[PDB]
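Below, in structure tokens: the form deposited in one PDB entry, a single chain.
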């Protein structure tokens, strides 16, 4: 007696429907890009909009126990990376003057490890913000053809892949 799907249409017993387990609405398989045989291979179904919302909220949901452990393993893999040599530790002040003269929010993997250890981060977005802060500081301070900058590029690319499927 009701209207279903993104296409707002009443039930048609001759059409293949699948139910979203998040929103409990029903969708034509043809409208959300899943056929019956593909549907047979999955336990829960999640509709495209609901799925978008889940993808978007991964960076915003509270960090759990396992998430924190995961962040520790991520930093470890980053610390072991060959192009991670410039980011392992804070810049030695009595070594690079103008570094702290122009960078007022430095970040480094050791400091990030400390922040993870004491649960300074509560959302994945905060952790990602600090990692990005490392690479952007670097790219702001160094020329784009320099090894420092390019190292920032390489490790950021590695990082983005390592983060996939995290939550």
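Numbering follows the first chain given and starts at 1.
Below, we turn to the form deposited in another entry, even though it does not appear here.
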Of 34, 91, 54, 83, the position at the hinge that separates the two rigid parts moving between the shown form and the other one: 54
Distance flag for residue 154 and residue 95 (Cα, change 3 Å or more) in the other form: the two residues are closer
In the other form, the Cα separation between residue 64 and residue 45 changes by 3 Å or more relative to the shown form; did it shrink or grow? farther
